[PDB]
Amino acid sequence: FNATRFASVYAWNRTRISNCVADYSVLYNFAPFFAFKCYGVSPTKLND
Amino acid sequence: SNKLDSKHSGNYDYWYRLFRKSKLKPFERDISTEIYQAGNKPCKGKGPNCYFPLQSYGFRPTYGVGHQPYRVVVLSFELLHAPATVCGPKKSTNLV
Ligand SMILES: *[C@@H]1O[C@H](CO)[C@@H](O)[C@H](O)[C@H]1NC(C)=O
Ligand SMILES: *[C@@H]1O[C@H](CO)[C@@H](O)[C@H](O)[C@H]1NC(C)=O
């Protein structure tokens, strides 16, 4: 989330996230979202 | 039903909901236009982190089968050993 040189769409820089506990409040507090739509999981249900 | 919910240039009349605070109870309606809250911002409007609860179910005559305007009606009964207001064609004989 706190990158400075996000790669362009023609590269779509993807990162592998493993061996950590995914807390979504750190994701929330960094970005004042404009599109937080979800398809497979509920936005409210991510910490469980 | 692709002949009643489709026309040239499209038809975005229908609606459906993707954003609600909690699950829907069985046989309980929830018609309302309340913008879903993302986080703790009380935003009342469209755009950033405050989304409209319902989006268009837009239909056009040329979609895929999984995207065709399917018409669905459900029928619900409460069958048991009880009186009835709905019956079937059957004549009544005489008592002996
Ligand atoms: C990124 O981190 C810096 C330092 O921790 C902070 O000042 C800044 O607000 C953060 N920005 C985002 C978008 O996370
Ligand atoms: C009242 O209860 C019925 C049955 O659960 C439900 O369908 C309906 O939506 C409720 N009223 C309102 C205004 O939501």
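Residues numbered from 1 in each chain as written, not as in the entry; some residues may be left out. Chains lettered and ligands numbered in written order. Part of a larger assembly, values for the part shown. Heavy atoms only, no water.

Looking at the method and resolution fields of the entry, one finds cryo-EM and 3.40 Å.

Colleague: I tried to follow the site of ligand 2 on my own but got confused; where do I start?
Modeller: Residue and element names in this part refer to chain B. Taken together, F27, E28 and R29 make up the full set of residues near ligand 2. In the model, an oxygen atom of ligand 2 is placed 3.4 Å from a nitrogen or oxygen of the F27 main chain. Between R29 and ligand 2, the recorded distance is 2.9 Å, taken from a backbone N or O atom to an oxygen atom. Burial of ligand 2 by the surrounding chains reaches 33%, relative to a free accessible area of 360 Å². (Near = heavy atom within 4 Å. Polar contact = N/O pair within 3.5 Å; in protein donor to acceptor, adjacent residues only side chain to side chain. Areas by Shrake-Rupley, 256 points an atom, 1.4 Å probe, with all protein chains shown as cover.)

Colleague: Just checking my understanding: could you explain the packing of aromatic side chains for this structure?
Modeller: For any two aromatic rings, the description comes down to two numbers: the centre-to-centre distance and the angle of the planes. Residue and element names in this part refer to chain B. Summed over the entire model, instances satisfying the criterion amount to seven aromatic pairs over all chains. Consider the rings of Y16 and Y57, whose centres lie 5.0 Å apart with planes at 75°: the pair is edge-to-face. Of this pair, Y16 sits in strand β1 (residues 15–17) while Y57 sits in the segment after β4 (54–56), and the two are 41 residues apart along the sequence. For the pair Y57 and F59, a centre-to-centre distance of 5.3 Å together with 85° between the ring planes defines the contact as edge-to-face. The class of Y57 is partly exposed, set by a relative accessible area of 40%. For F59, a relative accessible area of 9% translates into the label buried. In this structure an aromatic cluster arises from ring pairing among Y14, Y16, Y57 and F59. (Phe/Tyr/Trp six-rings, centres within 6.5 Å; stacked < 30°, edge-to-face > 60°. Helix = DSSP H or I, 4+ residues; strand = E, 2+ residues; numbered from the N terminus. Buried < 20%, exposed > 50% of the residue type's maximum accessible area, 1.4 Å probe, protein only.)

Colleague: Hey, could you run me through the side chain of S6 of chain B in this one?
Modeller: Residues and elements named next belong to chain B. With respect to the helices and strands, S6 occurs in the segment before β1. With relative accessibility at 15%, the residue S6 sits in the buried group. Contacts of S6, omitting those with residues within four sequence positions, involve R60 and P61. (Contact = heavy atoms within 4.5 Å.)

Colleague: Hey, could you run me through a nonpolar patch on the surface in this one?
Modeller: Residues and elements named next belong to chain A. A contiguous nonpolar surface patch, about 370 Å² in accessible area, is contributed by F1, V26, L27 and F30. Within the secondary structure, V26 is located in helix α1 (residues 25–30). Look at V26 and you get partly exposed, because its relative accessible area is 34%. (Patch = residues over 30% accessible without salt bridge, like charges linked within 9 Å, V, L, I, M, F, W, Y side chains within 5 Å. Salt bridge = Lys/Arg side-chain N within 4 Å of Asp/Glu carboxyl O.)

Colleague: Sorry, what's going on with unusual backbone geometry here?
Modeller: Working note: non-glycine residues mostly have negative phi, and peptide bonds are mostly trans. The phi dihedral of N19 of chain A falls on the positive side, at around 60°, and the residue is not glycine. By the secondary structure assignment, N19 of chain A is in the segment before α1. Residue classification places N19 of chain A among the exposed positions, given a relative accessible area of 81%. For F27 of chain B, which is not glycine, the phi torsion reads 55° and is therefore positive. Looking at the element boundaries, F27 of chain B is found in the loop between β1 and β2 (36–37). Taking relative accessible area as the criterion, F27 of chain B reaches 79% and is therefore assigned exposed.

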